[PDB]
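There is one chain below, alone, in structure tokens, taken in the form deposited in one PDB entry.
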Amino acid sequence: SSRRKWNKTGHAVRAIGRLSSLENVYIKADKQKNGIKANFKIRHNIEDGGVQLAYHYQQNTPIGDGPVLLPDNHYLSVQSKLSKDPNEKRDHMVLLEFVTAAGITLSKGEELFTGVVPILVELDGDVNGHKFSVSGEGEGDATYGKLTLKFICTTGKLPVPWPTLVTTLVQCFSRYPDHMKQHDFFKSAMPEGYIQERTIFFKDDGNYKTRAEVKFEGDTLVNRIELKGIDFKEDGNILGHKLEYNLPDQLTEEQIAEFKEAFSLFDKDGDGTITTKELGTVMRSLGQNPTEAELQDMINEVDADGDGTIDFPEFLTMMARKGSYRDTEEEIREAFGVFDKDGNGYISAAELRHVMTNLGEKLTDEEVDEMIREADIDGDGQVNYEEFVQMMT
């Protein structure tokens, strides 16, 4: 009962947190090279709690002379599942991906991706002097933005965690909606292909420099990559293999139920969609003052159909992703600061009362005190950072 209030409010706060962040693959045109630039952020869960961030900068240039499509600013959204082959002795990765383009509200090479295309991947790498090779094969179905691939480390033991290689290991398989067909540089550069260059900064650790050639060889789409890693800590999350491999399908029906409870705090008229006005209302009642522009930006970050609203499914998707990948300490501390309005490091009854009252949740002072009780571990009559965290898991 009180836990439900903590989780509902918590989920609402973390939802605004997510809508404030930039979690997609952001693509912009680069006229100087008739290609595109991209930038994005990857969250890698750390085995025993915590998250390792990987910041990506990306550049793509066509290989051929033929005309290509230069996109308006937009993004790709990616869902990955990593798994193992039960009958594989070798160090390997089974990878399933769904990639979809969005971010804009409501070519010849494209023809090559109408059906299922075979894929081959070859990677030679060197990180802090630890050399390795990866070879992968599978297929892509751009109609659904689907990729399915199996990768083998052909030199024995992979000296870095599989998850860190994923973004390096064919964005031409992304699904562009009809109203965005003209923004698909990747397919447009086919069959001759493109060079794709990245630098990937692992926070508080080393970096990768990758150069890859993505093109058709016969009927097969082939990605050939070289990767150099430097400045890695030998006992860090990467070289020390401290990153989790997979996340669960989870979503205990109770979790979805909680997501829905959070959703209905935003959807105050119960039409199954959240507007800029609704998102705004909640944000203000939490003590923020975003402008209409910002509201539109936040919605566009998750607005799959481009209708300018967050509908219930889009919200569920957003929350499922937010539940998969852990938040940084700073993010949790900001969430905390939403309650800890004086910044003293402690959530007092008066503060929790201010929040719940402004939120519209009408309860008695005794109910507030009960919430504090449910949260209070050490018994000081307040909620501190650590208690907050242990509450929001």
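If you superpose the two forms and keep the largest set of C-alpha atoms that fall within 1.5 Å, you have the rigid core. In this text, residue numbers run from 1 along the sequence as written.
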**OP:** Enter the number of deposited residues without atomic coordinates between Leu169 and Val170, binned as none, 1 to 3, 4 to 9, or 10 or more.
**Re:** 1 to 3
**OP:** Report, from the record, the number of residues in the deposited sequence between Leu106 and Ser107 that have no coordinates, as none, 1 to 3, 4 to 9, or 10 or more.
**Re:** 10 or more
Subject >> Higher-scoring stretch by recorded Cα B factor average, 245 to 253 or 121 to 129 >> reply: 245 to 253
Subject >> Mean C-alpha temperature factor, higher of 190 to 198 and 176 to 184 >> reply: 176 to 184
Original post:
Taking the Cα B-factors listed in the entry, which of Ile46, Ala350, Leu69, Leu53 comes out highest?
Top reply: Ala350
Subject >> Selection by C-alpha B-factor (highest) of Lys37, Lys33, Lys362, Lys41 >> reply: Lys362
**OP:** Would you mind checking where the Cα B-factor of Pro86 ranks among the modelled residues of its chain, as the lowest, middle or highest third?
**Re:** highest
Subject >> Assigned third (lowest, middle, highest) for the C-alpha B factor of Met356 >> reply: highest
Original post:
So where's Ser135 on the chain's Cα temperature factor ranking, which third?
Top reply: lowest
Original post:
Which third of the chain holds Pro161 when residues are ordered by C-alpha B factor: lowest, middle or highest?
Top reply: lowest
Original post:
Ranked by Cα temperature factor within the chain, is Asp141 in the lowest third, the middle third or the highest third?
Top reply: middle
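Below, we turn to the form deposited in another entry, even though it does not appear here.
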Subject >> Option from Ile63, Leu70, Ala349, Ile46 moving between this form and the one not shown, CA shift at or above 2 Å, rigid core reference >> reply: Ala349
Subject >> Cα displacement of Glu217 between this form and the one not shown reaching 2 Å, rigid core superposed >> reply: no
Original post:
Does the distance between the two CA positions of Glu331 reach 2 Å or more between this form and the one not shown, the core being superposed?
Top reply: yes
Original post:
Superposing on the rigid core, does the Cα of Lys146 end up 2 Å or more away between this form and the one not shown?
Top reply: no
Original post:
Quick one: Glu334 and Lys203 C-alpha atoms, closer or farther in that other deposited form compared with this form (3 angstroms or more)?
Top reply: farther
Subject >> in that other deposited form, whether the C-alpha atoms of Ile332 and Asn45 sit closer or farther than here (change of 3 Å or more) >> reply: farther
